[PDB]
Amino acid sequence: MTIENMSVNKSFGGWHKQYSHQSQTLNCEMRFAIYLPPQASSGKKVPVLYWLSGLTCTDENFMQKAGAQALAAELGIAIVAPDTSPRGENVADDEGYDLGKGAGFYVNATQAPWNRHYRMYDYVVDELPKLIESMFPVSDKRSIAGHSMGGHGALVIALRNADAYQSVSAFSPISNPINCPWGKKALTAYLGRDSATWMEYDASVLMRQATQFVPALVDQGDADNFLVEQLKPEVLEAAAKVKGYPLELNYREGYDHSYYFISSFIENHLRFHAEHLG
């Protein structure tokens, strides 16, 4: 498992770093970003928040635009931002913004040609966390969060792995991918048509049958253009009523889908995770 620094920018007394490594799970070369807070350099091992980004994103978007480093440094949380898909000339793609590169939908693809590289689930749950721990001053305590496609992945991963994560939050998540266009196209391509394996990757289906509980916080913009068609936050609200799952879901009046929304509430999300990580 070969890894090399690509970049370093000091940030609020700590360090934003990009690395490339050879991913065995994704069978390709991957870029991720880490933010280490000032308390990482002062002997203390810090908790980690994994951040999953949405369609079209790389690791750069969150790190540059979310404004999270300031409160990560004050609270003492490492942030890890993976990429959104395998990358490389051998990696299956689709010209569509909503399928392929930038669009791995945090699943383990079983169908060809996707099954050659698209194991973004295994990468985020298994490989990346073991690589981070062996390399950086991070504790065993981890949480997960993300935006849109990334909110889908964060919720799915936390609901399937409740022992391994202390908390989960999401902005504008794809709540019910088995019944929305983005969801249907990508789960069709990667898992096969209709296919019961879809139910392993749908937050609102999983939250209904859920046993062990992970505290969940969800922020949704009122003025988000994808609210009705893609995101379906009200299906996640209804999923939580079945078992009494610990979901807090907030509708923010006038907020859109953008990093201007995310940046506006990332503090609150960071305090919520610091609470459960502490």
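One rule holds for the numbers: they count along the sequence shown, beginning at 1.
Comparing 171-179 with 192-200, the higher mean C-alpha B-factor in the PDB entry belongs to 192-200.
When 205-213 is weighed against 232-240, 205-213 comes out higher, by mean CA B-factor as recorded in the entry. The residue among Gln220, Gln39, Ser53, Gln69 whose C-alpha carries the highest B-factor in the deposited model is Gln39. Taking the PDB entry at face value, the top CA B factor among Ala103, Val156, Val138, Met120 belongs to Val138.
In the PDB entry, a CA B factor belonging to the lowest third of its chain's modelled residues is recorded for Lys65.
In the PDB entry, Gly146 places in the lowest third of its chain by CA B-factor. When the CA B factors of the chain's modelled residues are split into thirds, the value for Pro129 lands in the highest one. Placement of the Cα temperature factor of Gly88 within the chain: highest third of the modelled residues, per the deposited record.
Annotation for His152: C-alpha temperature factor in the lowest third relative to the rest of the modelled chain, per the entry.
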